[PDB]
Each structure stands twice: as C-alpha cells, then as structure tokens.
Participant: 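Next up is a structure, given as structure tokens.
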Amino acid sequence: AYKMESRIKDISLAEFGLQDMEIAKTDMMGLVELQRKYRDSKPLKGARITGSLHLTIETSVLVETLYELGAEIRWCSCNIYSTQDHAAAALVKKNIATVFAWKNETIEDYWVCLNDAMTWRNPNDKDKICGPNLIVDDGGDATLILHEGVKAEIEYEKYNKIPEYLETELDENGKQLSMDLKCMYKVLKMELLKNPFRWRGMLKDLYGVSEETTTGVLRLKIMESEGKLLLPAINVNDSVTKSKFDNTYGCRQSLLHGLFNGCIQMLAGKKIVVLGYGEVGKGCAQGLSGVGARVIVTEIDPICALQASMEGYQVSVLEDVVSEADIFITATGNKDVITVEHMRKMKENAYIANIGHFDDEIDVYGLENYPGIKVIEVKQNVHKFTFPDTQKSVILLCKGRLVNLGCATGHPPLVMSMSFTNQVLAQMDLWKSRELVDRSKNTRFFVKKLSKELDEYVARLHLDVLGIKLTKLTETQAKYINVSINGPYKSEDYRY
Amino acid sequence: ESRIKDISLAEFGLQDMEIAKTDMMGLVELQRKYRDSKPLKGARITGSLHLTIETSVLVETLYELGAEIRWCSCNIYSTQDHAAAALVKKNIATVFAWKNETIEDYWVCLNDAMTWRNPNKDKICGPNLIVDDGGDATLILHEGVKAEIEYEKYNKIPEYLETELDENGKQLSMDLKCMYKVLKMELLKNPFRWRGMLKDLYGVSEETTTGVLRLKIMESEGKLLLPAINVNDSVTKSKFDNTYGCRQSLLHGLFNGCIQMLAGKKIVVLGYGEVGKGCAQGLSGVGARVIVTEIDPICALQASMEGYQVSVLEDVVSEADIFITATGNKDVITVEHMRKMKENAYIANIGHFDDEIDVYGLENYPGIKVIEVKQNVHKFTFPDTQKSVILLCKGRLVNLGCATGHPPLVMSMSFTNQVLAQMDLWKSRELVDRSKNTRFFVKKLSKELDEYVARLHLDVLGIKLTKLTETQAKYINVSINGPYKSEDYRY
Amino acid sequence: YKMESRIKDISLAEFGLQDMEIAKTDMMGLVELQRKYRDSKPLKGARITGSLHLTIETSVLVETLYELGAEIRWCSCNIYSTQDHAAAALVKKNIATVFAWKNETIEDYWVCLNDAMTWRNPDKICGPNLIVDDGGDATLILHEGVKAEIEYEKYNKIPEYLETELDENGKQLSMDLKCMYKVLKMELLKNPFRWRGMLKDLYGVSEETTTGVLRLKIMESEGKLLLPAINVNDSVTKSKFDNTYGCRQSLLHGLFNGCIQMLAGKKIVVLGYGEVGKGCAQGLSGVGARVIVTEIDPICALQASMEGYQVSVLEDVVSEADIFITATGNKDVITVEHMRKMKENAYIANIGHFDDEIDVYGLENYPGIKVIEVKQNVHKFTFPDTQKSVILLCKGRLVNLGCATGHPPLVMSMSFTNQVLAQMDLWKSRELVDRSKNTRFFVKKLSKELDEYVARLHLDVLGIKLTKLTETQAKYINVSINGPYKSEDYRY
Amino acid sequence: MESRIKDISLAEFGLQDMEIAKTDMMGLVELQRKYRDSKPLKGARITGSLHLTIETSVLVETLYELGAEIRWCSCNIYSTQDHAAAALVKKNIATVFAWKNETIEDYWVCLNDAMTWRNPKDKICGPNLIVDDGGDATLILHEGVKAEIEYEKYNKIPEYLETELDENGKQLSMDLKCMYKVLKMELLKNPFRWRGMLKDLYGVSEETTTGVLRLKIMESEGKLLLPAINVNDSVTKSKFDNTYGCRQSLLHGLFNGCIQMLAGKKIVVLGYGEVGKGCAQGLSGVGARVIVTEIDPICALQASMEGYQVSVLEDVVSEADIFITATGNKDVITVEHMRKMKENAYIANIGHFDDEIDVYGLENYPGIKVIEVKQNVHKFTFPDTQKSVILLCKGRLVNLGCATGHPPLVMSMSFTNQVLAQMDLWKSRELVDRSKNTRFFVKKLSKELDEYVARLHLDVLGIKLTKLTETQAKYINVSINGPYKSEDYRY
Ligand SMILES: NC(=O)c1ccc[n+]([C@@H]2O[C@H](COP(=O)([O-])OP(=O)(O)OC[C@H]3O[C@@H](n4cnc5c(N)ncnc54)[C@H](O)[C@@H]3O)[C@@H](O)[C@H]2O)c1
Ligand SMILES: Nc1ncnc2c1ncn2C[C@@H](O)[C@@H](O)C(=O)O
Ligand SMILES: [Cl-]
Ligand SMILES: [Cl-]
Ligand SMILES: [Cl-]
Ligand SMILES: [Cl-]
C-alpha cells in the first residue's frame, strides 16, 4: 500500500536510514520522551497530517513521533535539494508515512509532490477527495498552495473560465515569473479542470498549521493582517527553544559543513561577508570566526549592526567590500541582496552561497541567463560561472538554495529535536482545539505562539543529553524573585 | 547644600567628562537637538543612580534640557568623587554622594535628594520625576506612604519600624533598619511628607532588572503610586549595557581586587542571564574555565551551547577558584558554602544587591578573623579550619565597587533611553489624574525610539548601515525607516 | 602513464583538473615555483617516488615537480586518503604513473608502494633517485628490503620472520607488517639484489610528518640510515600552519561527515595537545564543544589549561565523555577496555598518522562483537555482554582524510613549497653523496631564509601588507632588512 | 636604614599580598621548602635589577631563604610597588633602592647603589651574581669597564661622557645622559671600580627579549664579560609570561588608563611576536577588532590565521582608535604618525623600552599643549590642528606603569627559571677563570628543568598528567620521566 503510492528514489536505502534514526535518537530526547509518554494514549489518533518540511533523518524522527502518537501522515520536502533519500526510504519501508520526496527534484516535481501530499482519499471509500486535518509547514509552501488554490477557485467561478494570471508567464508588473510560481500555477490550473471545488472543500476539515521558519511566519502574518488567513496557525519559529537554538547554533555547525563540502578553500584569514546579522547570521559569523575567518557583516537594522560591532566584526555596505571579499553568505530572508552587477565586480573565484529559506536572496536567474555566460559543474550542486567580457569567474553553491541542506545534511539532531518537540506540541494543541474552529460563525483566524511553560519544558527534555545539572530555587528565593519554583522563570518579553 | 568628598577634584572630573563624551554620541546629540527647546524645562528631577563620570554626562544632559536636579548614588561604593565634584562645581545639580558611604549615610543622602525646598511659603516638596536604579528612591516613597497610613491608623509610630527583627524573627538587613530609621524620623517631623509628594509626581524611569522586578510586583498588587517606564528592557539597554558592559567592567573589577591570574582557573558564574552571559564571555576571553549555575533550563542550555559546564554550586564549591554571583536573587552563596571553599578562593557579586552573598553571616561567624587586603577587599579566616576566603567589596557590585563601572559607549545607550523616558513622563504630566484613577502601570519605550538610540551610536564605531530598496521593504513588510522587527523579536 | 597506472576511474579526470585550477588560486607558493623554475628545470631527469595522500592538493605538488623536470611515480600513504578524481587528473595529463585509489585493502597498499618504488629502464630494474615520504613507509620498505636481502644471503634461504603470522613473542603481527613482509618475500624470489642495488642512485628523502621524522631520527641515532634526509615537518611554515590550522578545519569536516551528532555542548576529549591537538581543540571550541585534554607532557598540559581546557587522565572521563579524538602519534591510547566503559553511541576517531592509537584490532576481534556499517567508513560496534555500542570513524585511520578531503589548499601549499625546495636541495647535492667512503647519513632541515620565503609567497593570497624595516631599525634589532628576522631557536 | 624606599609603613600590606600570591607561586614555594635547609646559594652576593612588584618580592625571598645576600632595584621608573619594596626592607630580606615614580636621574643612581657592596673593611666589592631584566645592570657594568679603559688611555674623562650629543649628533636619550653622569662620578671617585668587580662576578641571568638581544650582540662581538643565562627563552617563560601574562595585564593597564570601551574599536597591535600574540587574544576577548602590523612574514601569516587584518601603519593610522606597540624595536610610532591620528586616539607601549614611541618628539613638538588626565596619563594637543592624542604612562610598559603587571602564576614560572639559573651560575663559579680564558657565552636551561618548572605548577590548576606505559615510552622513543620533546620543538 504505502510503497505503491509513495514516490521516493530507492527503498533499498531503508536499512541505512533506520540505523541513522536510532543513532540520532540518542540526542533527540524531546521526541523520544513524547513517544514514550504518549504512544499508548495516542492523542493524535484519527488526525490526517500533511507535512512540507526538508525530509532529513531528523525529520524522519519527527514523522515517527507523529505516527506513534496516532496520526496518519503524508509528507513532502520544502526544498528540491534537501531530502535525504535513506530517510525517505526508512519512512516508507516501515509504513510510517506516504512520501513524495527525493534529493534533486525538478521544480515541477516539487509542486506535484506537494500537491499529492495535500491529497487524501475519502475514508468513506470511492473516488472522493479530502484534505488534511493538520499541516506541518516549513517556508509556507503548503499554506501557499491552499490559499492560492482557494483564490483560483473563486476567480474561476466568477468569470466561469481559467483565470488568465495562471496562463501567463509574466508578472503583474511585466517581468517573467519565477519557475516556482509557474509550476505552482500549472498545478492549480490542472486542479481547476479535475475538481474546481478541491481547495474550498478541504477547509471543512482543516484545523490548523504549525509553521517552522521566519520566512513562513512572515507569510502568515501578512495574511493575518489582511484578514485572509483561512485556518488557525501556530508560529513555532518564535518559541525560544527554536529561534535561539536551531537558527543560531544549528547554522553555526551546518553552514560550516555546507561550506566545507562545497568550497575547497581554506576559510582561515579570508574576508567572509555575512549579509544579515539576525538569529541565523549571528550563528554563521560565530562558526566562521571559530575557524579563523575575518567576518564582515552587512545590515539594515541599526541594533543588529551594533551587536555585530560588539563582537569585533566590521559592518559595511556590500558595495564597499564586493571587490575585496572572498566569500559571500546571504542570511537575510530578503531578496536581491546579491545582484548580477555585484557578481561582476567580485574577485576571481569568489564563492557565493545562501543560507536563507528561499533562493531569491541571490539573483541566480539573472546569473544563469546572463548573455554569453559560461557554466561548468565543479561537483554535484556546485557551479562555476564565467562572464564573457571580463573572463572572471564566480562559484555558486547549490544554485543559491539553502547551503547547509543543499550541500550538506542540515542541522544536527539535538537542535532539530528542540524545534521538532515544539512542532509535536503545536500539532497536539491544534488537534485538541479543533472543535473551536467553526466555519460559519467564526470566519477570522490568527497566529499564536506556544506558552513559556511549554518552551521551558522543551528545554528540560534535553538537559540530560548534555549532562546539565539544574539548580532548584528554595521557597524564600522563589518568593524573592516572584516566580513559582517550577517556572516560568522569565517575563513574556524576556529576550534570553 | 551638597555633601561630597572634595570639590577640588572638579577639574579632573570635568576633563574626564569631555573625554568620555567622544563616545557618548546619544547624549551629545540630545544636548545639541534639545538644549534650546528644553523639553524638560522646569521639571524637578531626583536621581538615585551610581554617580560615575558617565552618570555626570547624563545629569549634564538633563540639565541642558531644562531640568533642576538633585542626585545621590544607589550604592555606598560606586560614587566617583571627581564626577560628583564636577557637577557641584558647575552648579548643574545638588549632590549627596561620596565613595565609601556608611549604610546610615546612604539613606540620609537618598532622603535629602528627594527633598525640594525654597519659597514653594518656605517648605518641602518632592520631585516631579525620578531616575532610579535598583528602586531605592521608589521604595522609600512607597514605604513612606505605607508608614504614614499606619501612623494615622493607630496614632503612634508603627512598631515594625522600631524593631530589629522582621515578620519572622531574623535580623533585618542594615539597609532596611537604616531606611526605617529615616521613615520614623520623618513621621515625627512631618507625617504628611510622603503622601504630600504624590500630587507633583509624574513618573519614575527605572534602569535595572532588580528595580523593574520591584515595580512589577507593586503593579500586580495595585500598589504602584506613579507611572513608570522600564528602561532596562529597551533592546539598546539590556542587550548592550548588561551584556557587553559587564564583559569589560567585571574584568576590571577582578583585576583591581583579585591579584591572581584568571587563566586556567575554574570560575563559577552563578546566573546566566544578560549579565551572566557577558561575564562568561569576558572570563573565557582571558583563559578562564567558566562553570555556570542556573535555575532556568533555557538559560542553562544556552550556556551549554557556548561550551560551558552547567552544575549546581554544591558540586563544585570545594574545587572552583573564583565565584561570581549574577542572579539578582538572595542567598546564592551562604556561609556554609564558603566554609567548604579551597584556601584563598575569591568571592564577588555583580548583581545589584549584596544579598546574593551571605555577608552578614560571614562577618558575624563566631571567631571569624578579618584583614583588609586593600581598599574594599577583605580576607576572612574561619577559626576551625584556618582556611580563608577573599571577598571583594563586601559583596557589593564589584565592577562599580572595585573599579569604575561600564565604559562610556554602553552607558550612553542606556542613558539616552533614560533621557527619552524622562521626556515621555514629563510631556504626559497633564494626563496623570490623582482624584480619579490611582491605578498606575509600567511601560516600555517604543521600538522606533529603541532603533533611534542605536542609530545615534553607529558613527562612533564607523558602522555603515545598508538602506533597503522599496522592493525589499515591501518584500519583508517593513518601512524603509523601520521599525525592522516585530515586537516579540529577541535579537 | 595510462599504460601502467592503477587507479579507480580515468573518467573522473576533468573534475580533478577543474579542482586543481580552483585550488591553485590559493596555492601561490607552488604557482610561483612553477613560474620561476619551469624553464630551468632544477629537477630535470630526477626519478621521484612519492608516498603521500593523493589529494587534489598533492596533485598540484606532483604537477610542480613535473614542471620542474622530474619523472614521477606516486602512491598514497593511507588506504582511505586518495581522492580518485585527483589521481585520474595526473594519469590523464601524463604527469605521473600512479598506484592509488580510495579504499585500498592493506594488501593492495603495499603492492602499490612497491610498484611506485620500481623504475624500469628498457630488461633491468632501478629505484628512484629521490623520495617524497609522509609517515615513512617508502623509507621503511627500502630499509627492511635491504635487511631482508642481507639475512637472505648469510643463511641462503628466505628469512623465517617473513614467513610467519607471529612476532618473536608469539603475538600476531599487524596486517601492515604481514603484507609488507609478503612483498619483500616476493622480491627476494624475483631479485635478491633489488633493494641494495637502489642505494647507488638514491640521493635522498624529504619527510612530511612528525611520525615519519621520528622513524628517521631512530635510524639516524642507530647509524642505520641509508640515505640523506630532510625533515620538512619542522619547517616553521609547515608545523605551525599545516598541523595546527589545517586540522582546525579538516578535523571538523571529518567529524561532520562521519558523526551525525551536534558537537556543541558535548564533552570532547582530545588526547595529545601538540601541534595537531592544539588545532583540533581550537576548531572544536569554535563550534561550542567543551574540550577536555589528556597529555603526558607537563608543558603542553599547562598550555591547554591557559586556553581554558580541563586536563584529565582518560580513565577519569572515559565513562562521561561523548567523543574521543586521538592526536598523539603514540599507540594504545584507546584500548578495548576503555571502549567497554564508554557511554552508548560514544564516537571514536583518530587524527594521528597511524591507526595504532586505537586498538581497532582488539575491537574487531572481540568475542561475539556485532558490527554494523553506518555509512561508508563508519562502523557501529556492539558488545555482547553490555549490549552497549561505540561508533568508530574510518576504522581508526586519520579521520580528516578518511572521512573528508583533508586540509585545504592554502596550508598544503605552504607544506608542499617546502617539499619542492627539499627535493631541489637533495637533487642539487647528488654528486656529494659518496657510497664508498662516508656511509653515515643524517637528517637536516631547510634554512630559516627558505622558511621565511615560503611565507612571503603566500602573503598576497590573504591581502597581507608587510612592514619594511628602516636601516636604523634593522641595526637596533640586529637583523638584515631582508631577514632572517628571528634566532634559530625562536618558537613563533 | 641604607635602603631607599617610599614608605616602610606599607610593609604589612606587602607581606599579606605576598602570602596571597604564594598560593599560586608553587614553584617558588617548593624551591624554598626544598632548599632552605641546605642553602645552595649561601655566601652569594646577588644584585637584581627587575621591576619590584609583589611577585618579585617572592623571588627575592626565595633567593634569601636559599642563603643569598641581596641588593635590589627596579628596571623601570614606574613599575615598583611600594608595599612590595617595604615588605623586603621590613623583614631584612634585602637592601632596596626603588620606588614608584622615580626620576630618570634617581633610577641610574639606584642601580649603581644596588651594584655596590661592602668588603668585610672600608672598601667596595661588586656582586657575585646578577638577576637582570632588560640588561641595564649588565649595561652599566660593560659601559663602566669601557669608560675606565678609555679614561686610562688618555689620562682624562672620555669626552663622550660630557657631549650631550650622541656619536651622530642627534641628542642623547635622558637615560644615557644619566648613566653617563653616574659613570663620570664613579671615575673621579674610583677609576678601578668596574674592572675590580670582574674578579668575583660569576654570571648574569637575563629575563626578557630586549635584554637577551643585548647579550647576544656583546657575545657575537666577543665583548661579553661574564657568563650569561638566557631565562627568556625557557619554554615555561617565553610561551607563558610573554603571551598569557600580557593577555591579562595589557587589559588591566588599558582599563586603568583608557576610559573608553574596547569593544568594536579598531586596535592596532604593532608586532605579533610572543607579546603581541597575547595582547591580540586579550583585546579580541573583550570585543575589539584587532589590526596587526609586522615585518616578519611568518608572524604576519600567523595573525591572518587568527582572523586579524594585517596592514602597514600608514594605511590605518587615521582610522584606528588605539595603538599598542609590542615590537621591542624603535620609532614604530613617530610624531608624524601621531599628527594623522583621530581625535582622542590612545597610544600605549608594552615592549621593554619607551623607544618604540617617539615620546621625546611629541613632548618637544613646538607649541604642544599637555594635560595630566590622571596619574601617568597625558593628553597632547597639537597647535596647528587642535587635535589631541592620549599617551599612557609616557610610553613606558603599560601593564606595569598603569597597572600591577602580570599575575603571580606566570611570574612564578618565570621566577622559578631565574632561581634555577642563579643556582646554575653559582655552582659553576669555579669554571670562571679570569687569567686563563676570557671569552664568555650565553646559554639556556635544559629541557629537563624546563619541564620541572611546569610540573611544579600543575596542582595550582588541577591538571592531571597521564603517565606513559613502558611500551608507549619505547614506541615514541622517550623516557617515562621525559624530556618528551626534541630540542627544536616549538610548542
Ligand atoms: N610588558 C611586559 O610585561 C613584557 C613581557 C615580556 C616581554 N616584553 C618585551 O616586549 C617586547 C617584545 O617581546 P617579544 O617576546 O614579543 O619579542 P618577539 O621577538 O617575540 O616579538 C617582537 C615582534 O615584533 C616584530 N617587529 C619588530 N619590529 C617591528 C616593526 N617596526 N613593525 C612591526 N613589527 C615589528 C617582530 O617581527 C617580532 O615578531 C620586548 O621588548 C620584550 O622585552 C614585555
Ligand atoms: N608582576 C610582575 N613582576 C615583575 N615583572 C613583571 C611583572 N609583570 C610583567 N613583568 C615583566 C616580565 O614579563 C618579564 O619576564 C619580561 O620579560 O619583561
Ligand atoms: Cl558592611
Ligand atoms: Cl512641556
Ligand atoms: Cl653508532
Ligand atoms: Cl580494515
């Protein structure tokens, strides 16, 4: 059953994925504990969960946890390069989930996989389609195809024809559409022809989405402020045990791993530009400095810029260092931070990489389609581009996709367990509150965060991994600082 | 009227103020922008905050903006006498502060700073605004009001003021007994003093974590008697002063009071909050092996991610070499702990109050011998083991007691927030209705102002900020001019 | 070259050639040596045999020797360290005859080394004129070969020690010795004057690493060294850069590829705090690990402490630590008994030259041990009695080259510029080697002038601007404006 | 009393600091314990010229317990700790000629007096052994001999002792004029003084890089007049004192003399040798952005490998905030450089002599204005630009002039080498034959002793060494007890 419907690269890798999962679980104590405590009561029993999140070994442990808790699951990855084929195979082999994911997907396949992951067959038999009850999302793509799908269906009935914005390769402004929008639109058009009630029909059983990353949260907030959010949402990124660990310490290690795999050069002594000094940029700079690089930071936020200066880093505008720096790393979550014009001024064999969620940070399309550009494959997912007029070259890591997952295996299990423990608690919260979702009276939906009590609990579940011994307050001390002995220990606005 | 150690020290203080101002851009800019319009014109401001060179620049700023000023320090050891002299010499403020005050004189200085006179018939008023660090000015006001209400309740001095024991049986701290002694003295002179100050009080802007805690407790109990602004929780304060300020000033305090090498030593940092994080970073920067204690599992994990062992004090007390309390809590290092420490272990506190260390218990231990090693450094020897521990400045904040506190740059960021806070409180004075509400709250400054403080300090360090294009601003959903982050952003 | 080389796949050549060109952006010492000496050819006609990890960095070294006039035969000095695309690039361009591939058996390793040492003159066999050695295996086979020939002639039979699985005490010989011995036995049957015959034309060996230098010094002290030697490891621009900063980066690369776990907050034991250990520790702390050092040398131990690292004996932390990295160059540093006390899924790896640091043989042969392959060159071992497991990276072979790609080009260029200079020195003095009279050879090092020159060649890579002394300043500190700037005993 | 010190009443404070210091100075404590009964230096007359700090007072005490008679002076006008000097005199441990803030004239008079011993009746002798730091004691001896020979050759005072201008005619340093004034006086008083000392002089042990260079120059020219031991190049000295000592004591000096925050500042470290490496590490540890200058391409690459920009001073003199000289060279910061610096740039030197900075040129610049900011910190303002620079302690080693120098642990390592070096020279005295050979050399202590010094300090830091098995010892070809490294090993 699961093996026939799933689409993965190679089931024979299952045994290696299972063995890696067991090793990873030594450190993923949060997920191990949730399984231990809830596998028998099954709090998610009956829930249909669709996930769009990098299908790595760490993610396979998250999926296993959701399955042990009672959920039926369909999964896909949220990046064309981030899937670990042995991880995917492990899930299918054990019948833990129906999977549509493989490393090195085409953009078209990415959107077909996501769409298939959102498709559930009616538990009341026959050719009837349903949607998921809950969504685990990373970057907002599952949430995007749902909202855009609803928008397309309304537009479709209004003029009783395929909306023309779906049949054009051009933007409202005039420029060409990203390959991602063209592929999503192609899937949506196809669905308008199969069943133009598919998307609105899913709303009936949709109880929520838990969003993993900064960029996904930004998308959610924009929908919320415009009154367009169609389901309840939990912002997992902003849990303290997520944003202050995964984003920073995870990147401190996995950026280095991606660079070491993709870039042959020594980092020590090099001028390395980290564009953006937020949670991710802070971790990146720390790792880079740790191996002797001279980090130069760019920022638009005066506070973050001052923080960088306090760690001994030069803070400059890209234009003043573009011809002198050796390596450029984008960590902004923004777009057009490195343009083709910037790339033409870089020194011979400068390296460029992106660690933000989307490739838009770097003008990869402009680079690849520059007239007379010459490209060679240096190794898998590493390309050297040579301009025709100057004959100078730049080297780009994995077509500007998130380098730690494209050119390496992503963050290690410990921090992913902290982020994923938050995901499981978020999913449990949304599922338990499903009766409060009434699609007739209650039309307006919101984004919330998990409580500080749960945030502290996530941390407690990982202390033993590191042999950390926590101090206990006496009654006198607890009263003196005005906190309960069991916490929470900090006010809501505390920044850690 | 001022009470300071020596006015002849003024020229050194004035000279130090000018040098410091090179990096205190925020204060220099507020003086340039507002010395003519004078947004604080006529406000009576009482400050209770370490009177350092950095603080004298803050005082000069409030003065140039139009305020009348009375000032005292919030610690018996933190005043820099040359800074105090500079303010009196220039007649910028009336000062009651000196280095090495007795606890009795501390509370007399505070009480005098809160008293305003001249033909206003010819009697006592209170301040309009308070700049507070640790909450002592705010405490004496609230405890004063409480004392006056108890006084009229039974037409006699409240008995809790005339005892040496607390609501339990233990000795009251010397600070508490000296405050009560002042309140009793004021009930006899004028039992309407404290409540009389309320009609003119428009707010307090609180500098530190411990003072904010005090304010939040009063707020949750509905006992806050004036509007308050929490300056500690501005991003440009808590994430810079508390962290990077301590990273440098802790080391300075340790170098001045502890003769030993920090490299290789096991140094226990108790508390890994904003202060503790800065402390650990500076200690490691000079080769120490930092060991952390924490009650908060999130903070404990953060310490572990920086490569530090996280342990309970009882497991490392007999092996570690130096102990630094940074908790804002009480009884973190007890006399029983000190009796198990190795020979010549060093003990210091960087939290706001001395209560973190059981100094009273140590000083009153039967047969204890004490020797003064240098100014404000004492070696205590237990008579049974003959072992000694060395305590820096009687457990008072070591960076201000054994050194000169944080450097100008981070203080300018903290103090630019203070000036903006005072301006907010003063401009809104007409909104304070006493006869009606009597329900006050603690608020913070906006992110717009927080970002502004940072902008004012970028040129000091040659930082070049990038400008978003319209397309980029739209993409990340922010205005080109900020704010650039959501309210819950943690930096 | 294609006709005789033994490599994995010639088709990988173009990837090797592209990587070499990218690498050359930073290997400016080798680039400058080629520019300056490709016409004069200071090594013209020299037959050079190399036994050194055949990486992309090594390919640039080999290309440099070739442009300088040498004929070359090469093999790797570890079964796991060859980069197949690097090997293919050399063969494809006809730069060298190569006997190397990633994942050789120990049998193939020794056969490859023997082939690299065999030069034909078309008929008769010859040896190399010069040897580039890393760890001393090429030097070892020569000396053991000579010893085997002498033993063979006095008793007129194959020496008994070459025909047994055991040493003099009844203990099992290492696989490396058995395989070396089987090669020497074969050569005695083909030509019992092979090894001795090579001495005539041998002018020297330049040794890359600490462990190999130890081997040379022992031979020198016993009066058994059969050729001049240059110790490259102890050039300042080698030992203070490659060994420390190279490992700071490549240890981490090796751990990231082989060990799935997060390094931050883990107790990571670095056994040995010499030039390698210092670099390992710095890299590990750089990513948040809590480093614990073991040492036998009180000076090195004190240095670790000054950097904030706990210094303990292995027995006191073996049950609590998470990861163990051996960087000693010694043996039996991690025994089977230590491994039986480790926590579940503890990781073990070696960064020293030889696998001897960890008792891999005892672990693999432990009665009832269960072994599972986690990924290429990473194995999980489970003890039958406790049911606890340990995870060994690349069977105890140097982890930065076995599980990753070794040091990056910049530091290798510095080490390799020294190697080329050493080779030139030995070849230029070939006429002064007298086999008849002076049969006593020594180990020497390159001059401080050449050492400073190596550093000068790499300054522009990192945009370093060097200050120039005024004539008055030069007098004051008593140095020449052009150096050397430091005493011979200066430790940098 | 024959001794000349600031104040004997400070002795008690000095004695208590010595006892606290001893907790970490294990090497000196162990030498006292082991050799005080047998007294291996009994009868030796030792003259020391080395910064008279609390740490140095423990070295002197050690030589004294070992049987030596002692006379001492400091090797810098600002480095003496008066309580340390007082402690030695109070206990009769040594005759001392030292105080903090000496004039240059008094410095040379103190050194000359330290070199003068009485003959047991009314005549003088010299020392048997010299402990030197920077080579001034060694310098006055050789220049003394040279002046006596020159005096007898032409039956008059050598005119170079009365010129005021040097051989080139560019004005002698104040240090040279004062030394020459002493030598002129001693020629008129006893023209055989210096040569008469050679008889009983058995050696000098030199502490620092600059002093060793001076020894090496004399050795190479065949002019060295006594055996010498290079203590600086022991591994347990140069790799610990010079690097980790400065990492901490540079910061202490800067925090005391410079009010500004180091974080984010561009700080230039000129010279990246043993001292510079430690300075850079300390500065980075508190958030500074370190920029290095170097003449040695190897040292330059090392700096780059730690992430530091490496530039020539001319390319950064106008943008940098603070300048620290650690070269041991001269004229690395000229008056012309200082004129290009930004407003309130700070300048300091941590090398042995003040020559690294052109202090004479600055102080004598026509129309320069100078103000004392605090004790030993001066702000110089140029008349044409009205820009100012702030110089710490007139260019003298900042860690000892503006602070208390290195801490006890590393000084104990350096001083344990000194005692062993003194014991070596003393035990070899019969090999010094004036009539027979007359060519002397510089040597170093053995690696066995170098390792012993390290072993003596392991327990201070809780270090647990591993012991080699017999198989392992044979495998790496070393004795179980060491030494563990070849002679050329660089650590
Ligand atoms: N203040 C202290 O407590 C203390 C302690 C130890 C040594 N020292 C003194 O510090 C000085 C340096 O000692 P060290 O042991 O580091 O010597 P070192 O030889 O190890 O380092 C000096 C470095 O300065 C560099 N240099 C020389 N001239 C230069 C110039 N014009 N510009 C840039 N760089 C230049 C050299 O290349 C060298 O690397 C000496 O005078 C020594 O006596 C002082
Ligand atoms: N506390 C101190 N007492 C005596 N001398 C000190 C001290 N600190 C530095 N030096 C100078 C030493 O570093 C010396 O070894 C040197 O080389 O200058
Ligand atoms: Cl007290
Ligand atoms: Cl107003
Ligand atoms: Cl012999
Ligand atoms: Cl094997």
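These values consider heavy atoms only, across backbone and side chains, with no hydrogens, waters or symmetry-generated copies. We name chains A, B, ... by the order of the sequence lines, and we start the count at 1 in each one.
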Participant: Work out which heavy atom in C:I299 is nearest to a heavy atom in D:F240; give both atom names and the distance.
Facilitator: O-CZ, 3.8 Å
Participant: Given that the side chain runs from C-beta out, which part of D:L270 has a heavy atom under 4.5 Å from chain C: side chain, backbone, both or neither?
Facilitator: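 Answer is neither: D:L270 stays 4.5 Å or more from chain C.
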Participant: Select, from D:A454, D:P483, D:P297, the one with the greatest count of heavy-atom pairs under 4.5 Å involving chain C.
Facilitator: D:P297
Participant: So for D:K216, is it side chain, backbone, both, or neither that comes closer than 4.5 Å to the heavy atoms of chain C?
Facilitator: neither
Participant: Side chain, backbone, both or neither: which part of D:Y244 has a non-hydrogen atom closer than 4.5 Å to chain C?
Facilitator: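 For D:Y244, the side chain is the part near chain C, not the backbone.
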Participant: May I ask you to name which of C:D489, C:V461, C:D332 has the most heavy-atom pairs under 4.5 Å with chain D?
Facilitator: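 Of the options given, most contacts go to C:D489.
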Participant: Run C:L410 and D:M305 through side chain to side chain contact (heavy atoms under 4.5 Å, CB included) and show every step you take.
Facilitator: CA-CA 11 Å; C:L410 174 57; D:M305 290 289 87; 4.1 Å; yes
Participant: Start with the C-alpha distance between D:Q281 and C:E307, add both sets of side-chain angles, then the distance that settles side chain to side chain contact (heavy atoms under 4.5 Å, CB included), and finish with yes or no.
Facilitator: CA-CA 10 Å; D:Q281 196 175 23; C:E307 290 297 329; 3.1 Å; yes
Participant: Quick check: are there more than 12 heavy atoms from other residues, nucleotides or ligands sitting under 6.0 Å from NZ of C:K475?
Facilitator: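 Result for NZ/C:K475: open.
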Participant: Tell me, for D:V332 versus chain C, whether the close heavy atoms (under 4.5 Å) come from the side chain, the backbone, both or neither.
Facilitator: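 Backbone plus side chain of D:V332, per the 4.5 Å heavy-atom cut-off to chain C.
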Participant: Need one label for D:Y272: side chain, backbone, both or neither, based on atoms under 4.5 Å from any heavy atom in chain C.
Facilitator: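 When you check distances to chain C, no heavy atom of D:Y272 falls under 4.5 Å.
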Participant: Specify the closest pair of heavy atoms between D:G273 and C:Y490, including all atoms of both residues, with the distance to one decimal.
Facilitator: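 For D:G273 versus C:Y490, the nearest heavy atoms are CA-OH, 3.4 Å.
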Participant: With chain C, which of D:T471, D:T210, D:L465 has the greatest number of heavy-atom pairs at distances under 4.5 Å?
Facilitator: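 Most pairs with chain C among the choices: D:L465.
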Participant: Given a strict heavy-atom distance threshold of 4.5 Å, which part of D:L301 is in contact with chain C: side chain, backbone, both, or neither?
Facilitator: both
Participant: Between D:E294, D:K444, D:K239, D:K277, which has the largest tally of heavy atom pairs under 4.5 Å with chain C?
Facilitator: D:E294
Participant: Of D:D296, D:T293, D:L313, which meets side-chain contact (heavy atoms from CB on, under 4.5 Å) against C:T467?
Facilitator: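 Passing option: D:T293.
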Participant: How about CD on C:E471, more than 12 heavy atoms from neighbouring residues, nucleotides or ligands closer than 6.0 Å, or not?
Facilitator: no
Participant: Evaluate side chain to side chain contact (heavy atoms under 4.5 Å, CB included) for D:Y475 paired with C:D356, printing each intermediate quantity in order.
Facilitator: CA-CA 11 Å; D:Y475 184 96; C:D356 290 53; 3.8 Å; yes
Participant: Minimum heavy-atom separation for C:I477 to D:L213, with atom names?
Facilitator: O-CD1, 3.6 Å
Participant: Which pair of heavy atoms, one from C:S239 and one from D:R490, lies closest together, and at what distance?
Facilitator: OG-NH1, 4.3 Å
Participant: Would you say CG of C:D460 has more than 12 non-hydrogen atoms from neighbouring residues, nucleotides or ligands within 6.0 angstrom?
Facilitator: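 No, not enclosed.
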Participant: Name the member of D:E314, D:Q309, D:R247 that forms the most heavy-atom pairs with chain C at distances under 4.5 Å.
Facilitator: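 When all of D:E314, D:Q309, D:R247 are compared, D:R247 has the most.
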Participant: Of all of C:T237, C:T470, C:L469, which one pairs up most often with chain D through heavy atoms under 4.5 Å apart?
Facilitator: C:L469
Participant: Using a 4.5 angstrom heavy-atom cutoff, name the option from C:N330, C:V313, C:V454 with the most pairs to chain D.
Facilitator: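 The residue among C:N330, C:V313, C:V454 with the greatest pair count is C:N330.
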Participant: Measure the spacing between CD1 of C:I296 and CG of D:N481 and express it to the nearest 0.5 Å.
Facilitator: 11.0 Å
Participant: With chain D as the partner, which of C:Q303, C:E488, C:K486, C:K468 has the greatest number of non-hydrogen pairs under 4.5 Å?
Facilitator: C:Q303
Participant: Tell me the closest heavy-atom pair linking D:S304 and C:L462, and the distance in Å.
Facilitator: OG-CD1, 3.1 Å
Participant: Is a donor on one side and an acceptor on the other found under 3.5 Å between the side chain of D:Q472 and the backbone of C:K331?
Facilitator: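 Checked: pair present.
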